[PDB]
Amino acid sequence: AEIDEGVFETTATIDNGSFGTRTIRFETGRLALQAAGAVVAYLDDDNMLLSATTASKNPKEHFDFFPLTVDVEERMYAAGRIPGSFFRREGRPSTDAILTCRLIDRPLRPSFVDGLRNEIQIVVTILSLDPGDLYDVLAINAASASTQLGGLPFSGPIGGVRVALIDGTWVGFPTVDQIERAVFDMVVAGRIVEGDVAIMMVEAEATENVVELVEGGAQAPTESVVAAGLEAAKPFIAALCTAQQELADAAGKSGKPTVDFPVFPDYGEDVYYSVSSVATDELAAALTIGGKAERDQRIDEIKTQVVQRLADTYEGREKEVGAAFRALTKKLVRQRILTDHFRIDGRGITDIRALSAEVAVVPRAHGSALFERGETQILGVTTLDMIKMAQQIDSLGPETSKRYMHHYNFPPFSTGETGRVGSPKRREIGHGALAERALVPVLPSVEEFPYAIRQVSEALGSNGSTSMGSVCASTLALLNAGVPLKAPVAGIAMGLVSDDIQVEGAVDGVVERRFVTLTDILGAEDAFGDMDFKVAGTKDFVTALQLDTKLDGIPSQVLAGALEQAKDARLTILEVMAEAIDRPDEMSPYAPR
Amino acid sequence: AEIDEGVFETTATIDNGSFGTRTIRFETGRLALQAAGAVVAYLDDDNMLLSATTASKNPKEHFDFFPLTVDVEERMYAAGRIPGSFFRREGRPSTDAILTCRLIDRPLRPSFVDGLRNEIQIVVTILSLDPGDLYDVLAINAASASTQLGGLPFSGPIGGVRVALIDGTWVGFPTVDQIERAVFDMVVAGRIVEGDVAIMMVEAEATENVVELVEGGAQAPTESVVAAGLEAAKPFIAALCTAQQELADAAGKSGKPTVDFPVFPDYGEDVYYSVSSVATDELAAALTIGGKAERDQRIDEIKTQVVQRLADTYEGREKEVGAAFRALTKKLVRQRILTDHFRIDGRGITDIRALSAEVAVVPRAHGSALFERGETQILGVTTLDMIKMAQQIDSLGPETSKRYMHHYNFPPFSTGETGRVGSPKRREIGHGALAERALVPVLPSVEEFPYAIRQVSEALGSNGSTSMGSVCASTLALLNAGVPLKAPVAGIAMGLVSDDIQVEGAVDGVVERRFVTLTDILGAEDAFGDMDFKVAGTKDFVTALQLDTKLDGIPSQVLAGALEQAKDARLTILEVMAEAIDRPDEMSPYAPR
Amino acid sequence: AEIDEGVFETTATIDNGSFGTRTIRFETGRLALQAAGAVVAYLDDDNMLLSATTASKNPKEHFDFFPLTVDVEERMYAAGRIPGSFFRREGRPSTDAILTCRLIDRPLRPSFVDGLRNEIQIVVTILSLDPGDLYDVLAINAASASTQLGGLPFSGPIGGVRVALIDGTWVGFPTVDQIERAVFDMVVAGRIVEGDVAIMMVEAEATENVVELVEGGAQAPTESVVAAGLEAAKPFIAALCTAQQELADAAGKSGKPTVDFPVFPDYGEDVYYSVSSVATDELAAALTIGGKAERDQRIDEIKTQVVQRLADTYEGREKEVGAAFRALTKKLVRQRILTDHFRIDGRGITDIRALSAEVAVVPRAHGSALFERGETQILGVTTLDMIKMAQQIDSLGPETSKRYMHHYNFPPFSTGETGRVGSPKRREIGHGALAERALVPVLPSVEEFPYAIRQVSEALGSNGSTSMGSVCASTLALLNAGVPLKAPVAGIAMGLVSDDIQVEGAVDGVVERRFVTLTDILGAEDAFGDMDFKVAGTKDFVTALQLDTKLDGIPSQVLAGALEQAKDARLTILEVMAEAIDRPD
RNA sequence: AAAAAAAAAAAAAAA
Ligand SMILES: O=C(NC1(C(=O)O)CCCC1)c1ccc(-c2ccc(NC(=O)c3nc(-c4ccccc4)oc3C(F)(F)F)cc2)cc1
Ligand SMILES: O=C(NC1(C(=O)O)CCCC1)c1ccc(-c2ccc(NC(=O)c3nc(-c4ccccc4)oc3C(F)(F)F)cc2)cc1
Ligand SMILES: O=C(NC1(C(=O)O)CCCC1)c1ccc(-c2ccc(NC(=O)c3nc(-c4ccccc4)oc3C(F)(F)F)cc2)cc1
């Protein structure tokens, strides 16, 4: 809709029945005209933000990865307030902004064509905010729309939404007051494939009042309830994708990309062909050894022989043969998993690594614990203090103080490297936040436990999913310090592989999709997998959930089976945890009163 | 004067008649003897500072610009107290120090020979300061003197002074108490060229008491008054330059450079000669293409044709040919401007680009506005708060708090680029300070309007002079918020092109030198010019002024005409501003009372 | 001792007689199993910390120095409280952690083989701390143990300890309460050579109550007392080294280096031989000529005429020949020093450079002074304020406030260079701390002088030991501001050169070891010497001491003579300082 | 410092 010469606008509607209706509006052609693409997004006439996307003129070939950057700029004037810092100006980004950056980055990054080496930057500025609303999902939609209008090698619009379960109804785009009445709230992002929605990213948590609401008669958020909630977000995503596509069509764009971006593949087909024809049988036979040192030595020897021969042949292309060898290895391993239920370390597909749990490991700490799962090793420490030491928050959003704080540390020696030790990175912030949300619904209230609580996790050893081990260590350490939890919490990380396998016969056209689910995946198994997801909770309901994938679709029964398998693993881990400690201890003599 | 063996000193006197007399003293040969040059400067034997200049041993020519660096170090013991921060130590430079750094950098950088690639660093430390004095103008002279003593390829001494207008007298080096009785305050820097002073830098503003002083019977600072102020500053500059030269002569120095610094010109003579002979007539006729896209297409076609022709001849020297082509293009465009008032975009000499102004653009802000001039687009937003939210300042200078704050942001997408989004750079600080000084003299007093005020400028699009559009946006947004200003303020950026060309006679050796003034210059037009300046004010008097040049001299009539042209331009802009809003609105329901 | 499967343990005992006994435990095999080496250390089962060492997979030859990094992580939960900053999280390292990093880095860095270019990182995390103890000396031992278990080209275990003098007894690992009753506090680190302890690093200071305790009957810490304190620390170091070696033996390790690390020497043997055989006699003759600028120009032309005739013989190896030429110059100069008592600037071995002192150089400052020694030039400024302006400290250690603050600045132009001006580096922090500790013992009490004091030193010109010059400048400025010091303090920096020399007999190969001590060394002389040390104090006792060395041993009489020479220089400097000012203004 | 031109397991020194 060309409201003005050169200005176009589009609208999407969110219908919640008796809970109200909301409108989302996209506008282009009036602000930031020198960017590659720019869009203004409105929610209900009082929420307003701007998104802009630009690309660099020339690529950076010497990089080995795609350089995408996302930035979120919160302005205090959006809340009608002057900043409280000493210099009265906005400084380094807050935790909320970093989490929003991660939420945008997770689904957009795999949507670009592989091999791209130009720099892409996306900047989102918050301009006006109603005191009872949240801006993050609107930001996801605006970033997608501006990138779509930028005319880049970018795959289709992406839609995002939040849904909260209230009295048996999944409400879309709820307010803070409404979220205060729900048992579960979930952020979901996806795209449209062949007229259907394919889910790409999920980030979900139980609310802080879930136990009291369930005692009052509400439904508890179990696995099937969460699956139904995933089903209820698809129409909203479809409406948002349609509005974005209409905006792109109205304002020209669509076809004629004009600017062409070169791509830099890791290896050429000619190099890959030689490596396959030379080392297929050797690699296939070598995997059956399964002896760690013997397996590694055989792999290294075959790699050295192949690289020597192909360096004699291709005359100075060593990285390409190295990449092709790894690709062939991964291709063989995936087929072996799908055919024989073979895992790289010899476990069955439902087996957990060796487990151990201990408490009281640090002499003068208020509480501490050590948790081990295979080569993953987490140390947790708890400290209690007076309630005035709660963190005071001066951000744009509605939060004003934080009674319970969780900090996560990942040093370089955890995997045996060297590196800088300094301020935490974005991934550390994300993992810490996910582990923090898993414990919040089970903490006691302030009136019955008047203390500030700080929890610290140290990843002393890493071989896959330290964030799920932080949950278990947090539970054990909090119980060791005398905090009266409502129920213990545990977590697990899971993977999924899938591909087309020909059934016993002929005609080579009866190949059908086949899926396999793996429990407690290794660090290397994540690269071979097709979907990753982490689940945490008590023995009665789920408290945190995270997911990201690339598949075009997933049958409902496959997802239900995977969720059930994760629940079984969680129960097994809770049984081991209970043997170390099963009730709160006495408070430490060193802690205050 | 050799007061001590190896120690020399020189004096300059500044006579203000009935307002007093002051002396500036330069000393060398005592402190910091391992630097290339070092000088100590005194003002009235209680203000004392040190300046030192050093150069790197080897050139580093993998850069394309001259690497000069200026640093100012404020020591809190110069005011006699311990720093108030948590660690009791001076940290990041304050705003005043950054502004002093830029005042030093602006005149000194073009005074070095072109092609230099050695790193040059200047450090100025403030050692002792009287409570009623300002140190910046003293620092300019010290920075010039220490560089002059270092035996570098540096063109002559530079003198700097501040003049303030009090009761019809222009007083040099005034105190803080004297500035409270003045209507105008100007900082001027220049050099000596054949017995006469050539002005190079100006930074000037109207004082905070100008309106009531003019109501009391003082003369308002109009354009002719400002020009008389520039005339009054020359004798002080001449005296300071003479003192510096005398000190340089007394301590040896003078000649005998000893160390020789290599230079790295952009292009050689042969390449320029070839490029000129190949394309002088092709470029001369190709400027007539009014169409922007057609113009640039023809330009790039000609450049590529020249590059392909000359690639084989010079074995591949593409940088030199690219530089020579641009040099020839600029040389021809300047001739077209001087001969027949040609402009690159087709405007006439006194034409402004298309203007637009609008208010009430951000839904929940206290006040907001959008201002557009050509491709320059500025968004301004106002916030009001309680008086306790004024900024508290802890610095060397006499200022202790700020009731009105202005912050200016320049994101990479405004030009279409990618880059870091972090703390603001020095140029952002400078532009914001200029725009703040433009609006200070018309604000209401605290007794009349008891609020703290924060103003933010976002440069959403930029093609030349965003700082002057910040002034218009600030006035519009402040009126939208309900602030009762005494008068609206507008600003404009101006250019000047000069050269001597053949007169309408014979011989081909008789040439007259002419000047052309351009209104509202583009970003590209700044590189074609010999002077650029900016003027802001009301319909009655000037409030801010900035000027940079490197011309040997400018006749009085030329400068008067340029200032009159700028006045007409800002009056035209004020008329357009008044249609959008001409009186204060009602204060927002969201603002406090 | 394998307490658990894969876990090994070892113990060391520190016996202080009637002052008590303490135990240190080392444990390995249970925490951080993916590092190259990791060790947990305990002191009396309430103090616990962890140390881990890792190495990079590939070298990096584009550097020209050995890249070693040391990090100390103080966790506030070790003290049982939440951090007080706005974000409630630990940020940049505090001054204490940086000084602990320096204490670890000083003795460990020269213990690696020459030419190593792999990156090496050591990280020490503080987990539990008793309120009356100090963790730094424990950290030294833990870092040594984890590096020794890592299987790297590392030269033997290193042991560190603190000893304090209380009522005539040197007590090892004293508590905070015990330090309040002592006159001197000293940190010492060393290693074992053929059954004996060789000292490598020393960092010592007098306490804040020394004057009052000496007035009450205690013995003042003179030079011989400090020398005896060095002897008293050796058995403790031996016991700690033994425990570390036992732990290394128990958990495998010991031999079998397995992974091999390439080395990158500055020059090859052939290049050095070619450079020496072409220029030895000529260079020695140039050294024998008594002239500074003449020898400078002669050497500069010799370098040009030697690089030019070997450029064809060695293909693009100019850096190798330059390094070999510099090494040969160093060897000849050291030989000349040991034989004829030669110094490059012509001074005698007990001579100080030209001195000058002046006060009241900054017009509005509360106190100010300018101090010059040779090309070293220091400016010092003092400011006084209300006692509420004292620094408030929130950290693991027992300190909570700081009445006297000293800040040291080292701008690039003091050498003639260009560089970044900004946050102070670790070396600036260390030098400032040494200068602050030298002056703390003579300050008046808060009761008789109720002010906060900030002292700033700025190295306007540097050619060797600005740290000791800042002590003199601070004394002068404090007196100029009116602070009633109990006594003035001065300092000096000293060097020592040692090597084997031919006897006056025969056989051509019968040699003896000789030592020579130099007063007030230049920056260039620090590279020639085998040991360097700095001493500061009053006319009656020592207040600060710092020492670094690599020698396998030092006879007692040689060290006593060196300390006496330093004391004589200190007295001369105090006499020059008394002329400028001899009482508070 | 002058100028429109982040993803992932992958400090030492006068210089
Ligand atoms: O912890 C982790 N991440 C976090 C978590 O909490 O989870 C903690 C911090 C944030 C999240 C983590 C994640 C990934 C890894 C990992 C390590 C190694 C390999 N790499 C191979 O694993 C391999 N590489 C080869 C090969 C290479 C070149 C040529 C030929 C072969 O072969 C093989 C073969 F499969 F055999 F083992 C993959 C992943 C470890 C830990
Ligand atoms: O917005 C601004 N804002 C600022 C303000 O406060 O003002 C904010 C902070 C300071 C600035 C700004 C915006 C753009 C510019 C700019 C200037 C020059 C060129 N350069 C060409 O533009 C060009 N390059 C060629 C050429 C190149 C290669 C070969 C041959 C020819 O030709 C040409 C031809 F002149 F014709 F147009 C571009 C942009 C400056 C300022
Ligand atoms: O100020 C200082 N302050 C510090 C302090 O102490 O607190 C502050 C914190 C720590 C230090 C300081 C100042 C200067 C130095 C320094 C040392 C060595 C050299 N280097 C030569 O000096 C040389 N280089 C050659 C040569 C070069 C090329 C080829 C052949 C020979 O020859 C020679 C020859 F020995 F003759 F003099 C220069 C400067 C050290 C410290």
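Scope of the values below: all heavy atoms of this structure, side chains included, with no hydrogens, waters or symmetry mates. The chains referred to below are lettered A, B, ... by the order of the sequence lines, with proteins before strands, and numbering in each begins at 1.
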Colleague: Using heavy-atom distances to pick each residue's nearest nucleotide on RNA chain D, tell me which of B:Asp64 and C:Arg102 is more 5'.
Modeller: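 On the 5' side of the pair lies B:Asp64.
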Colleague: Checking C:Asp296 now: which residues fulfil side-chain hydrogen bond (donor to acceptor under 3.5 Å, both in side chains) with it, not counting sequence neighbours?
Modeller: none
Colleague: Taking side-chain hydrogen bond (donor to acceptor under 3.5 Å, both in side chains) as the definition, give me every residue that meets it alongside C:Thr329, ordered by chain and number, with sequence neighbours left out.
Modeller: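 For C:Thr329 there are no side-chain hydrogen bond (donor to acceptor under 3.5 Å, both in side chains) partners, ignoring immediate neighbours.
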Colleague: What contact category does A:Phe63 fall into here, base, sugar-phosphate, or nothing, at under 4.0 angstrom with non-hydrogen atoms?
Modeller: base
Colleague: Counting any heavy atom closer than 4.0 Å, what does B:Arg106 reach on the DNA or RNA strands: base, sugar-phosphate only, or nothing?
Modeller: nothing
Colleague: Report which part of the nucleic acid C:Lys425 touches: base, sugar-phosphate, or nothing (heavy-atom distance under 4.0 Å, all strands).
Modeller: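 Nothing, no nucleic acid heavy atom in range.
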Colleague: Please work out if the bases of strand neighbours D:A7 and D:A6 stack, meaning their six-membered ring centres are under 5.5 Å apart and their ring planes differ by under 30°?
Modeller: no
Colleague: Can you give the first and last nucleotides of RNA chain D, 5' to 3', that have an atom under 4.0 Å from a heavy atom of chain B?
Modeller: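 Endpoints of the contacted stretch of RNA chain D: D:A1 to D:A5.
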Colleague: Any idea which heavy atoms bring B:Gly419 and A:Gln121 closest together, and the distance?
Modeller: O-NE2, 2.9 Å
Colleague: According to salt bridge (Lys or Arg N to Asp or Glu O under 4.0 Å), who are the partners of C:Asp526, at least two apart in sequence or on a separate chain?
Modeller: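 Partners of C:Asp526 by the salt bridge (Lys or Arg N to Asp or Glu O under 4.0 Å) criterion come out as none, since no residue qualifies.
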Colleague: Using the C1' atoms only, state how far D:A8 lies from D:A4, rounded to an integer number of Å.
Modeller: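 It works out to 33 Å between them.
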Colleague: For residues 104-113 of chain B, pull every pair meeting side-chain hydrogen bond (donor to acceptor under 3.5 Å, both in side chains), keeping only residues two or more places apart or in separate chains.
Modeller: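 Listed by first then second residue: B:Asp105-B:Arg109, B:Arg106-B:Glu203, B:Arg106-B:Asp548.
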Colleague: If each of B:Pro67 and A:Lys60 is mapped to the nucleotide of RNA chain D with the nearest heavy atom, which maps nearer the 5' terminus, i.e. the 5' end?
Modeller: B:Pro67
Colleague: Does A:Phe66 have any ring pair (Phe, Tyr, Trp, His ring centres under 6.0 Å) partners at least two apart in sequence or in another chain, and if so, which?
Modeller: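 Listed in chain order: A:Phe112.
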